[PDB]
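Protein chains in written order, with the authors' numbering: chain A, 30 to 1140; chain B, 352 to 440; chain C, -1 to 97; chain D, 392 to 440; chain E, 4 to 56; chain F, 294 to 342.
For every residue, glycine included, the Cβ atom is placed at its ideal position computed from N, Cα and C.
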Amino acid sequence: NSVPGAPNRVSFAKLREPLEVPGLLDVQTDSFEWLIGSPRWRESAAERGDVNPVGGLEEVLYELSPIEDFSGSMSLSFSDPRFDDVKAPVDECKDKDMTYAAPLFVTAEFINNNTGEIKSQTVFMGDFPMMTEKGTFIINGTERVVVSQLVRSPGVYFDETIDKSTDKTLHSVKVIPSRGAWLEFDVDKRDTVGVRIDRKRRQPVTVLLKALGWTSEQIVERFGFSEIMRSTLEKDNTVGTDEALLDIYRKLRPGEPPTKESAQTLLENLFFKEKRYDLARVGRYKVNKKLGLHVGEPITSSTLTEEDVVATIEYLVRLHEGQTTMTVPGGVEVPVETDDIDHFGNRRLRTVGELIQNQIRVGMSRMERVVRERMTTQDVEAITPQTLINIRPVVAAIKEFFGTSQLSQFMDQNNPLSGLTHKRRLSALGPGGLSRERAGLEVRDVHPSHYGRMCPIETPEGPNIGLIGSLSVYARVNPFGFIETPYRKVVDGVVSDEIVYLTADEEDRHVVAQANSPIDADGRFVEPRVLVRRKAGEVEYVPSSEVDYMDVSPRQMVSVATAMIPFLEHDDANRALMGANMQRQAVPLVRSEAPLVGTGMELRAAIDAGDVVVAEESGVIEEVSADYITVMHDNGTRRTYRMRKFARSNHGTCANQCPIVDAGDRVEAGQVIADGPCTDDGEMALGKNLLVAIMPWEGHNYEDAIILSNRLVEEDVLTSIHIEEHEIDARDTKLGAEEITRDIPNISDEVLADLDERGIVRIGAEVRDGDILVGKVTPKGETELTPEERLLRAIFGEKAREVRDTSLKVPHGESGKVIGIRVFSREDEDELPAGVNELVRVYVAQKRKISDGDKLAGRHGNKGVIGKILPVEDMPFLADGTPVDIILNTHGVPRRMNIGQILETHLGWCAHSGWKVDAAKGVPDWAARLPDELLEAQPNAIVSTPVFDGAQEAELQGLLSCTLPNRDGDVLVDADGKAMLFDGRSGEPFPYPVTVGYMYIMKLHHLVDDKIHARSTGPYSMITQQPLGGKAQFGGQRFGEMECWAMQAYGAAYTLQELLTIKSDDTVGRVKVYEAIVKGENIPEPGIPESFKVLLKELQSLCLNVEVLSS
Amino acid sequence: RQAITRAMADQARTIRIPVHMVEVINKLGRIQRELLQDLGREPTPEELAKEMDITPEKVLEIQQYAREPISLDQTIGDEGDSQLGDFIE
Amino acid sequence: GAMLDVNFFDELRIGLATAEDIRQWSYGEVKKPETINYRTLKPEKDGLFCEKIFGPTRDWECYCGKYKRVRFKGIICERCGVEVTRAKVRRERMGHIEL
Amino acid sequence: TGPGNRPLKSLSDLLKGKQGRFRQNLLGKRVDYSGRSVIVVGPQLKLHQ
Amino acid sequence: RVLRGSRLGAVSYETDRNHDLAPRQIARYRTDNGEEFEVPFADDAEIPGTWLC
Amino acid sequence: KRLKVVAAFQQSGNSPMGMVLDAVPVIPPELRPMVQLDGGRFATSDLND
Ligand SMILES: [Zn+2]
């Protein structure tokens, strides 16, 4: 809808939503241009207040400038962060493996206080990466995506854990800053206070307030109303400020002589000097909103204050006292309440701007340390900020973050849905945040503040459940790093159209009705009793006047990829989770046919996917190709769009981009002009539409096993192109240099036919497993010859041929054509790593068919390997002679609670057949809420069910009733949804009608050749003598602990001895066993394993005389 | 300072390098860092050979001699269960 | 008591080791903190890879290269000072440090 | 520690802890003459097959 | 992805001929503190007086 | 609690003289090898330091 290139997909939308889906990569692009200070951001943030817009770099420079010597006698300042242009275009970076970046120019300024100058240089600060228009970064040719990270916001957090031995609520507080120091004000097991600072284990309030510098009377006039504070004030044991300061200095610095003056200043430095204690602007806003301190003035002074400290202690003693609200002097009253660590008012989202900002801040910390260093050691009135500034720790920090980090991951792109899914991804693990195993169970769960913000469905089901979710569709990030959420505000019962971006805390202030609320087409609710959500997640039937907010649409809770599942509301969350998680794992077919049944998301998600060439400017087509489209703009200019054909993705999948328009066509702005990998005519296409039946057939579809037709092999319906890139380098050595040539000693000439004059194969040569790709030989030198070899070389007239051949051989089970050769050379002035002379890479590609064992799945979690590819005749076929394509199992359906596949099957047969209901007596009563231009349908017409506003039981069944025949008068499927099948094997009809129809299924990237793995004798280890493991090698199989338990439990002791000794570590045993097999003899006795002897030598090395005795 | 620089030449590298080669490595690194600041990019070995008046293959041999060894007691996997030495054919 | 471990095991007695037994175990005293040359990539004398002490790295080839045959076995060349043997005794042989 | 404040593996560290010699020997050994694949149903086959 | 290395030592493969060897001498070396060491030298080898035992 | 370890030294043929140490053994070097990689990048075993 309202996209000029959208194909006419018809909907079942009963409710007309006002808000459209936003620009789904805003979470990347707006954060990055916030960090830049783009003029786009500059106007855009100013469009919502924000009188002083500051970029992230501007913020770091302003919080760093000025730099000062310890004397105060000279100073350094920064100004004007400006960018250059980029140093290379995108495709050239991605080919030549250069990172896509742009330099930084910063106007520094040094000032001598003693005489007075400015030193305004323009410092080249260094290269700096740039987010592409797909929202990604390209690093060293690889394409990476930074993941957004959740942490708890800095502020004041409140709780109590009642001691069951004491039956007393133990109210506690963690005043956590950003980049600061801990301080906690507990209530002890006794009737005292827990004022422990940075884990110094024991403190009362009196030591802190006299350490602050209060008298006992100044403690009295604020704290007047608790025997708690009075008991602690009589447990003071130190009266006087300096005694408290030296006690603090004693307990803080032990192993240090005391001084009374520095004790007051270090405390003033540790909490109030804002160069070693910086809770952020967000932290200041959180605290000041929490206690009502700065209710009328904006945010500055990012350190603490004693006012805030005494307000913290007073709130603590009242919350341990039991109150409802309290005003601090000068402050608006806040409700006395504790805190959650899981509500989204307390858990902010460090986006990519925050992450790069923190990395640049910690790099500038070391750079500033260098500046403080050479401020004194260098001479005066001769230095310059060129001499002062070293940019190496900053650029090293940036390069360390974009590499080798938890958050910087590869762009997981086997299909553009997984691209859009690895983008917009939320993580709770990483640096700063909690780790995996240290984190408990409660943060894995779903608080009701997740609603509309973080999708409660989509998450990995491995050992990461709850830790990694994604955004909702309509979610958007607060400039304070929170998650705001749109709402249609409703006034006086009348629903308005003022869309209000609400966040989590102001959600709890109010009370919100739902999308399935009956409107009288004038805003007003007709129910007097309406569903509504209370602040603690409670649901009531509100009297229909107090509601101030309504949802913008349905499906506001759900993610993008989960909102591509029809009939979601009928599936249980487990199999829906499995289906949505597998839906990012589809592979691109060579056809990419669109589904008959879908949501309204497949167009918008594919135009936001990046891998669809969109017509930028409205115009007319000039000339097309298979590689480019020259567009003719309506005023003058012309523009080509270079298609990416057969590009290798990050997991071997293909990236073809075919054009979809003709030469005389007229296009508009924002229109799809070239489909991508998994797209058709603009919208998403993750698989094919197949005629399916639900019978259990012959035990081949036993327990989620799937059978197929041979027609899927015959017509290449499920066929993906896999592209694998191999690599070998020419390298320097002591004995000479590595040489890439046809001279490859000991070998036939017939196996050297496909390669060129210098060793590399030519384009299009079909390879098998274990052939030669890059003919390359290394110098070896001279050793002694064995006399038998000397005799044989004497007989045959052969030389020694001293060089040793390590050519690039293609590994096991990989074959196909050879598309492209990219070759780099040190002599040809290419950049190479050290000691490397010629780097050549070979693009190997093959076209895998479908095969028994491949992992297939529908969009509902119904997954499974392929049981048996049956031929085309032995198949339960329909009465017209159409065979079914795949056959699922019945028994896996009811126990998995996922009947959305059945509803999809019925709807798919309805959409394939095409219908036209009767209107002779007008609208039949079931089709009343069914909207118009749906009473008819052409066969093979695309339809769409929205997620929570879809076809009802009445609509689906009544539409299934009227399902007009195909070629002859052939009502193939009854009103029940079943049909009479004929056995292709026996020939008799089945005695019962069988559910049939069309289900849209997928092919997944868990293929057989990517998992098949075997080894008789391959590479071993180096340290231990164990066989090396991994599919990159030949690899072995870990005969683990419970395996040893099981073979002890049989008592098969000899085979256990076999597996533990002469297949793992009996170094002298392996060769004799191989020899005895080849001779056909008895397998010899298993010797002593290597791992025992290593233990024996280590225990002898650890000064322990280990003795071994027989008698 | 002489004895301490003697110690830093002798006992600070696991593979022992004589003191003159250590000093020309330190000179090479100091020149490399200084031309990183002044040139603005990492220098070419031909430029460094021009700077320290030696041959570029001598520069490459010094770069080969300057590489410190690595340990086998870190985990290549971000999930730490396998030592780095568990992948050496 | 059998260190060559030929398959009749009955007991495994752990015991504290005397310094007399420690110097009884070793085949030499390492006394230089060297590992290997940077340049020729051969191990150094009196180092932590000393072929005079720990053993040959090349199967039946001494360090000085005077003897290179398996027929030359169980002898020690007077120049290199190395017992010519199979090059897996470096798995077994221990050294010691007199403090 | 060594580079970047990672503590050095001592001689006793070979025997204790996660990567200890006893437990890693007790954990398992990868073996020769083995293999793996994904499995499919074999409904026509005999039980001892 | 695959990475390999090399312990710098030659691995030769002959048979452990126990019977046919080069014949050899045995020289008794004595240290300072009354310790005897007997070092297997070759027949065709000059026997050095000084030795690191 | 003292008589435990005292009778432990008494009953066996041990001696508490070995509790202090004079000569330190050295583990065989192949257990702690310095293997090169492709290009002279050496891989020590962290005991050598
Ligand atoms: Zn020798």
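The Cβ-Cβ distance between residue 85 (chain A) and residue 207 (chain A) does not fall below 7 Å. Runs of the beta strand (DSSP E) lying entirely within the stretch 642 to 682 of chain A, each at least 3 residues long, are 642 to 644, 648 to 652, 657 to 662 and 667 to 671 in chain order.
In the structure shown, residue 1126 (chain A) adopts helical secondary structure according to DSSP, grouped into three states. With respect to the C-alpha of residue 457 (chain A), the residue from A:440, A:429, A:500 and A:430 having the closest C-alpha is A:500. Non-local C-beta neighbours of residue 194 (chain A) in its own chain, meaning closer than 8 Å and more than five positions away in sequence, are absent. Any heavy atom of ligand 1 counts here; residues with a Cβ closer than 7 Å to one of them, in chain order, are C:60, C:61, C:62, C:63, C:64, C:65, C:75, C:77, C:78 and C:80. If the five residues before and after residue 775 (chain A) are omitted, its C-beta is found closer than 8 Å to the C-beta atoms of 830 and 834, all from its own chain and listed in chain order.
The alpha-carbon of residue 167 (chain A) is positioned some 20 Å away from that of residue 853 (chain A).
For residue 415 (chain A), the enclosing alpha helix (DSSP H) has its first and last residue at 414 to 417. Look at the stretch 845 to 874 of chain A: the residues with a C-beta under 8 Å from a C-beta of chain B are 863 and 864. Legend: CB atoms of the stretch 394 to 425 of chain D lying less than 8 Å from CB atoms of chain A belong to residues 402, 403, 405, 406, 412, 413, 416, 417, 418, 419, 420, 421, 422, 423, 424 and 425. The stretch 69 to 144 of chain A is shown to contain whole beta strand (DSSP E) runs of 3 or more residues at 103 to 112 and 130 to 141, in chain order.
Taking 7 Å as the threshold, the shortest C-beta distance from residue 49 (chain C) to chain E does not fall below it.
Residue 172 (chain A) is bridged by DSSP to A:167. In the three-state reduction of the DSSP assignment, residue 557 (chain A) falls in the coil class, being assigned neither a helical nor a strand state. Between residue 927 (chain A) and residue 890 (chain A) the beta-carbon gap is near 6 Å, inside 8 Å, which marks them as a contact. Residues of chain C with a Cβ closer than 9 Å to the Cβ of residue 376 (chain B) do not exist, since the nearest Cβ in that chain sits about 11 Å away. Here residue 610 (chain A) is buried, its C-beta having at least 16 other C-beta atoms within 10 Å. By the rule that beta-carbons nearer than 7 Å mark a contact, residue 96 (chain C) touches chain F. Look at residue 1096 (chain A) here: in three-state DSSP terms it is helix. The secondary-structure analysis by DSSP pairs residue 197 (chain A) across a beta bridge with A:192. Closest in alpha carbon position to residue 480 (chain A), among A:1030, A:231 and A:371, is A:371. Residue 567 (chain A) and residue 530 (chain A) have their C-alpha atoms some 22 Å from each other.
When the five nearest sequence neighbours on each side are left out, the beta carbons in the same chain lying within less than 7 Å of the beta carbon of residue 1095 (chain A) are those of 1115, 1116 and 1118, in order along the chain. The Cβ-Cβ distance between residue 1031 (chain A) and residue 886 (chain A) falls below 7 Å. Residue 451 (chain A): not part of any beta strand (DSSP E); member of the alpha helix (DSSP H) spanning 445 to 451, first to last residue. In the same chain as residue 697 (chain A), and ignoring 5 residues on each side of it, the C-beta atoms closer than 6 Å to its own belong to 33 and 647, in chain order. A distance of 7 Å or more separates the beta carbons of residue 1069 (chain A) and residue 408 (chain D). In this structure, the straight-line span from the alpha carbon of residue 679 (chain A) to that of residue 784 (chain A) is close to 28 Å. Burial check for residue 6 (chain C): the Cβ neighbour count within 10 Å stays below 16, so the residue is exposed.
Straight through space, the alpha carbons of residue 278 (chain A) and residue 287 (chain A) are spaced by roughly 7 Å. At a cut-off of 7 Å between beta-carbon atoms, residue 424 (chain B) makes contact with chain D. The beta carbon of residue 523 (chain A) lies closer than 6 Å to those of 552 and 553 in the same chain, with the five residues before and after it left out.
Counting along the chain, residue 1134 (chain A) sits inside the beta strand (DSSP E) bounded by residues 1133 to 1138.
In the three-state reduction of the DSSP assignment, residue 613 (chain A) falls in the helix class, which pools H, G and I.
Using a CB distance below 9 Å, the part of the stretch 411 to 436 of chain A facing chain B consists of 415, 416, 418, 419, 420, 421 and 435, ordered along the chain.
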